[PDB]
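Peer 1: Encoded as structure tokens, here's the structure I'll be asking about.
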Amino acid sequence: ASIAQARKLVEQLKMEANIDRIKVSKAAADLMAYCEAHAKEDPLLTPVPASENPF
Amino acid sequence: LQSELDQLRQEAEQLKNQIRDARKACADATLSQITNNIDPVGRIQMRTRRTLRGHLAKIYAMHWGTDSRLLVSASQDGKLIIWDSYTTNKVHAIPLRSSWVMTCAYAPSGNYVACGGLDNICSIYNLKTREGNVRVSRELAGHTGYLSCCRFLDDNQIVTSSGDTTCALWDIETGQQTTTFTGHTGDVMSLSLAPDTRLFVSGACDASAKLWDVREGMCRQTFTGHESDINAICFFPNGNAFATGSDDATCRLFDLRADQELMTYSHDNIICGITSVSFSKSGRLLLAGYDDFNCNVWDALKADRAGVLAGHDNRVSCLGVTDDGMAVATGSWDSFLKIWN
Amino acid sequence: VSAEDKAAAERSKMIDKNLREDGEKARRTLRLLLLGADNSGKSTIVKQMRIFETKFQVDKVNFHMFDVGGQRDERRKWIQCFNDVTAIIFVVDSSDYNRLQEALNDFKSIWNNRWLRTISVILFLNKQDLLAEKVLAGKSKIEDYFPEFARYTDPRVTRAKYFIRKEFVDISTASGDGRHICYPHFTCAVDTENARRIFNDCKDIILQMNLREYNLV
Amino acid sequence: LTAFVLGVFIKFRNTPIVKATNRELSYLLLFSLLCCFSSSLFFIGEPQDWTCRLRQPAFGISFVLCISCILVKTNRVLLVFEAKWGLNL
């Protein structure tokens, strides 16, 4: 029953290791860029005017 | 289990010490080193603006409509209700064949709603019909475990996650089986389709989540950073990250390109587990529904609590932000839906 | 307010009226969970059947007993759905003492459950017909698989049958008092007071929960 | 003696036998019994006007309080034994 290891040593394991990985900095200061560029259009960080708010 | 298990068990581990070494090599920062100088979002407060009462039994799921107005609530009373958040009106009340339902979803077009529970079947309902009522469109059977999360890809294909360690995608028109995503070693609890709808992530009860290729069919990567079951998952708005809500009193987030864990979002005083998570509109606020009848609001960049959403006398099981990020639709076991700000 | 909005509000009012109508029917009945082992024969515990659910009413009160099937041997996540039932029926047959250790470990796991801390259990010891014919001969006794199954009080059959009950009540009263209490019974294949015992246990369960809800216990 | 009974009641506040009877209603009944005992002191002594006006009602109100406490205390427990009245009612 070499299927428990095959899918876990040559299908999934051998494929997950062969993935291009970037340094964490370019993802941290990419989520940061996304949240900074979308601060004006986020109506929970900056509450909308009462008239604009439908609730 | 032959000589290829005194060999191919180590060779099933050689790619684990040569992956963590690869993983721990591309880490020149943590999240709280480039997000340190950004001023905090402050003591974010949010009062309830609409309390959608009407359910009797405990609420288990709640999905927002694409139009930012309608929402569907799933409760253990065997009833599915489509709401009008602006006026708290009840658009529909769809009885369910199985009184035990743990999933609910809204089709992106708004023409369909799906539900599923211990019956191990996803029943998909047609909302707009010439008949004038709500009737089942398909009876998606062929899955052994109880369903735990249903999400609508298009108007004709749906993705479901069940307790038989298999995430799995259907085609509504045929009702048959297109792709079966396998590899999890425990009951899958949550699901979160990517904004581009070409990938999705799912968290099982094995302290691990897998990013699947819905078009291709195999798991791209597995994310192991917890120590207990993952009963909550949600996807970053930008499509390059996601957060895991686990029952070990912590909620971590991961980056798809980094293939690592970024922050933990844990407090010493909090012991109860997390049930649901969601990013609001830009990923700065990470809403998280906990088990002690509360729902903390986390500044994702700073990993500090910005506010609490108390007001439920029973544990919070549902949590979802609207499409335009104008309100939240937390629902708890007290059979009460609530809309915040 | 617009006329269309007014009609929508009236439709919503009808929706709540119909939803509330079903609440009385839902609350009238009593919900039970059936669980145990494969060899327990849980199906024939209720010989009058009238998720494999059954709907039997004795003394003109309806009970809905749910037998969960198809799920794996975890019960870790779908048991966090039944924390509103009246009780859980844990049926275990004592035909073999090799599996009674596993059965009592399962009972320990399900009794000491975080979501099942305030729900009681009614213990049904199924298949008491062959216990006599397994202990009358004595060709394989429980002391072979257990240290001190050598004292308990046909006389021999009863002294053999009360030791498992002593172990199970020891497990039940090990941890957790007042909120939930086990109800050890003795069930047979040809026994007829199986549903009667279930009813006589759940009425006392309701009485205890009302005592706690009126703060008298 | 009534004060001592009250003291042993409060000292053992959380106890199944004490909780078996209505604890707050038992406290009220004990206070009413204290009042009934005190109402006997009005009779002894020189009969004034105020003590003659507050003599018989003093015992009557206290005793009817005691009997009402007994009645309601055994009415709640009688009603919980039902088939299928308040913390302050």
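Just remember, in the structure tokens the first chain shown is A, the second B, etc., residues are 1-based per chain, and ligands are 1-based in the order shown.
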Quick check for you: according to DSSP on this backbone, which residues of range 29-208 of chain B are classed as strand (DSSP E or B)? Reply as a ChimeraX atom specification.
Peer 2: /B:48-52,59-64,70-75,79-84,89-95,101-106,112-117,122-126,135-140,147-152,158-162,166-170,177-182,188,192-193,199-204
Peer 1: What lies within 10 Å of range 24-36 of chain C using only C-alpha atoms, ignoring chain neighbours under 2 positions off, as an NGL selection string?
Peer 2: (:B and (56-57 or 77)) or (:C and (19-22 or 38-43 or 45 or 52-55 or 57 or 61-69 or 79 or 82 or 84-93 or 103 or 106-107 or 121-124 or 198 or 202)) or (:D and (84))
Peer 1: Check chain A with DSSP on the backbone and list each residue it calls alpha helix (DSSP H), as a list in words.
Peer 2: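 Assigned to alpha helix (DSSP H), within chain A: residues 6, 13, 14, 15, 16, 25, 26, 27, 28, 29, 30, 31, 32, 33, 34, 35, 36 and 37 of chain A.
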Peer 1: Determine the nearest neighbour of chain C from the options B:122, B:272, B:233, B:241, counting only C-alpha atoms.
Peer 2: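 Using only C-alpha atoms, the shortest distance to chain C belongs to B:272.
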Peer 1: Can you work out the spacing between CA of residue 251 in chain B and CA of residue 288 in chain B in Å, to one decimal?
Peer 2: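 Atom-to-atom, CA of residue 251 in chain B and CA of residue 288 in chain B are spaced 8.2 Å apart.
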Peer 1: Neighbours of residue 214 in chain C within 10 Å (only C-alpha atoms; same-chain residues fewer than 6 positions away dropped), as a list in words?
Peer 2: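 Contacts, with the query itself left out: residues 208 of chain C; 22, 76, 77, 80, 85, 86 and 87 of chain D.
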Peer 1: What are the closest atom pairs, with distances in Å to one decimal, for all residues of chain A lying within 7 Å of chain B? Consider only C-alpha atoms, order rows by chain and residue number, and present the result as JSON lines.
Peer 2:
{"residue": "A:1", "atom": "CA", "partner": "B:1", "partner_atom": "CA", "distance": 6.5}
{"residue": "A:2", "atom": "CA", "partner": "B:1", "partner_atom": "CA", "distance": 6.3}
{"residue": "A:5", "atom": "CA", "partner": "B:12", "partner_atom": "CA", "distance": 6.7}
{"residue": "A:8", "atom": "CA", "partner": "B:12", "partner_atom": "CA", "distance": 6.6}
{"residue": "A:9", "atom": "CA", "partner": "B:12", "partner_atom": "CA", "distance": 4.5}
{"residue": "A:13", "atom": "CA", "partner": "B:15", "partner_atom": "CA", "distance": 6.1}
{"residue": "A:14", "atom": "CA", "partner": "B:15", "partner_atom": "CA", "distance": 6.6}
{"residue": "A:16", "atom": "CA", "partner": "B:221", "partner_atom": "CA", "distance": 5.4}
{"residue": "A:17", "atom": "CA", "partner": "B:19", "partner_atom": "CA", "distance": 5.5}
{"residue": "A:21", "atom": "CA", "partner": "B:258", "partner_atom": "CA", "distance": 5.8}
{"residue": "A:22", "atom": "CA", "partner": "B:258", "partner_atom": "CA", "distance": 5.5}
{"residue": "A:23", "atom": "CA", "partner": "B:26", "partner_atom": "CA", "distance": 4.6}
{"residue": "A:24", "atom": "CA", "partner": "B:27", "partner_atom": "CA", "distance": 5.4}
{"residue": "A:25", "atom": "CA", "partner": "B:29", "partner_atom": "CA", "distance": 5.9}
{"residue": "A:27", "atom": "CA", "partner": "B:258", "partner_atom": "CA", "distance": 6.7}
{"residue": "A:28", "atom": "CA", "partner": "B:31", "partner_atom": "CA", "distance": 6.0}
{"residue": "A:29", "atom": "CA", "partner": "B:34", "partner_atom": "CA", "distance": 6.9}
{"residue": "A:34", "atom": "CA", "partner": "B:282", "partner_atom": "CA", "distance": 6.8}
{"residue": "A:35", "atom": "CA", "partner": "B:282", "partner_atom": "CA", "distance": 5.0}
{"residue": "A:38", "atom": "CA", "partner": "B:282", "partner_atom": "CA", "distance": 5.8}
{"residue": "A:42", "atom": "CA", "partner": "B:281", "partner_atom": "CA", "distance": 5.4}
{"residue": "A:43", "atom": "CA", "partner": "B:326", "partner_atom": "CA", "distance": 5.3}
{"residue": "A:44", "atom": "CA", "partner": "B:326", "partner_atom": "CA", "distance": 6.4}
{"residue": "A:45", "atom": "CA", "partner": "B:41", "partner_atom": "CA", "distance": 6.8}
{"residue": "A:55", "atom": "CA", "partner": "B:49", "partner_atom": "CA", "distance": 6.3}
Peer 1: Within 6 Å of chain C, which residues belong to chain D? Use only C-alpha atoms and report them as a list in words.
Peer 2: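 Here is what falls inside 6 Å: residues 16, 19 and 20 of chain D.
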Peer 1: How would the residues just chosen look if you wrote them out with N, CA and C atoms as a compact mmCIF listing (two decimals), in the first residue's frame?
Peer 2:
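Output saved as result.txt:
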# COMPACT_ATOMS: atom_id res chain seq x y z
N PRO D 16 -27.02 21.85 49.96
CA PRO D 16 -28.21 21.26 49.31
C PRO D 16 -29.43 21.18 50.21
N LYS D 19 -30.69 24.73 50.59
CA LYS D 19 -31.27 25.16 49.33
C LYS D 19 -32.55 24.41 48.99
N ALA D 20 -32.77 23.25 49.62
CA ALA D 20 -34.00 22.50 49.36
C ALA D 20 -35.23 23.33 49.68
Peer 1: Work out how far apart CA of residue 138 in chain B and CA of residue 83 in chain B are and give it in Å to one decimal.
Peer 2: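 Between these atoms lies a distance of 22.7 Å.
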Peer 1: List the spatial neighbours of residue 9 in chain D as a VMD selection string - criterion: any atom at most 10 Å away, only C-alpha atoms, same-chain residues fewer than 3 positions off excluded.
Peer 2: chain D and resid 3 to 6 12 to 15 18 to 19 23 26 to 27 30
Peer 1: Given the choices B:178, B:246, B:197, B:231, which gets closest to chain C if the distance is worked out from only C-alpha atoms?
Peer 2: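 When distances to chain C are compared using only C-alpha atoms, the smallest one comes from B:231.
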Peer 1: Once you count only C-alpha atoms, what closest atom pair and distance in Å to one decimal does each residue of chain C within 9 Å of chain B have, with rows by chain and rising residue number, as JSON lines?
Peer 2:
{"residue": "C:8", "atom": "CA", "partner": "B:89", "partner_atom": "CA", "distance": 7.3}
{"residue": "C:9", "atom": "CA", "partner": "B:89", "partner_atom": "CA", "distance": 6.2}
{"residue": "C:11", "atom": "CA", "partner": "B:90", "partner_atom": "CA", "distance": 7.7}
{"residue": "C:12", "atom": "CA", "partner": "B:90", "partner_atom": "CA", "distance": 4.7}
{"residue": "C:13", "atom": "CA", "partner": "B:90", "partner_atom": "CA", "distance": 8.0}
{"residue": "C:15", "atom": "CA", "partner": "B:90", "partner_atom": "CA", "distance": 6.7}
{"residue": "C:16", "atom": "CA", "partner": "B:54", "partner_atom": "CA", "distance": 6.3}
{"residue": "C:19", "atom": "CA", "partner": "B:54", "partner_atom": "CA", "distance": 7.5}
{"residue": "C:20", "atom": "CA", "partner": "B:54", "partner_atom": "CA", "distance": 7.9}
{"residue": "C:23", "atom": "CA", "partner": "B:56", "partner_atom": "CA", "distance": 6.9}
{"residue": "C:26", "atom": "CA", "partner": "B:77", "partner_atom": "CA", "distance": 8.0}
{"residue": "C:51", "atom": "CA", "partner": "B:119", "partner_atom": "CA", "distance": 6.6}
{"residue": "C:68", "atom": "CA", "partner": "B:118", "partner_atom": "CA", "distance": 8.4}
{"residue": "C:70", "atom": "CA", "partner": "B:144", "partner_atom": "CA", "distance": 6.5}
{"residue": "C:71", "atom": "CA", "partner": "B:145", "partner_atom": "CA", "distance": 5.7}
{"residue": "C:72", "atom": "CA", "partner": "B:164", "partner_atom": "CA", "distance": 7.5}
{"residue": "C:77", "atom": "CA", "partner": "B:187", "partner_atom": "CA", "distance": 8.0}
{"residue": "C:78", "atom": "CA", "partner": "B:118", "partner_atom": "CA", "distance": 7.6}
{"residue": "C:81", "atom": "CA", "partner": "B:100", "partner_atom": "CA", "distance": 7.9}
